[PDB]
């Protein structure tokens, strides 16, 4: 510590890490970058890959949202109890990222023309997570093992934004539906999800959701 998130004024690729920090009782500073500031081209060339988020943990500076999540998972004990679980958590998180990338492409480049196709294909992309839950204590714990991990926070965020895109998309995924309800009721997450800083933040930068 201390922690600083440097990002556009959206939920996007930072809401999962924010929920993680909140659920761990951690404070952090937000440095909000506006689009007009970004277009001036001062900050962008100083970012490793030209993009946000940028994240500071003490004198450690990171880019890449999933590297930040993994770092928080490693440093706060949210990465499983052994190597087998850590590998499975990575396999989950990579699957979350694959679907998130498709979501972002829909939202930002093809919303009107692509949404129907996307929603029709969505059950096939959610089923793997239902299956994973079914095989871990019949789905009554977390996505891997019996302790929450960085992958849970990312998966939870992914599921929540998809419930906005496609209400009832979890109607046929009972384990995922109960998992979302359960994690959402964790007191520090419930408080985060009703906090003004989260509620007033749009999901994406173009207002579509």
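Positions refer to the first chain, counted from 1.
Taking the mean C-alpha B-factor of each stretch as recorded, 146-154 and 163-171 are not equal, and the higher mean is that of 163-171.
62-70 and 36-44 differ in mean CA B-factor, and the higher of the two is recorded for 36-44. Placement of the Cα temperature factor of residue 18 within the chain: lowest third of the modelled residues, per the deposited record. Among all modelled residues in its chain, residue 95 ranks in the lowest third by Cα B-factor. Per the deposited record, the Cα B-factor of residue 141 falls in the highest third when ranked against the other modelled residues of its chain. Among the modelled residues of its chain, residue 11 has a C-alpha B-factor that falls in the lowest third, as given in the PDB entry. The deposited CA B-factor of residue 113 belongs to the highest third of values across its chain.
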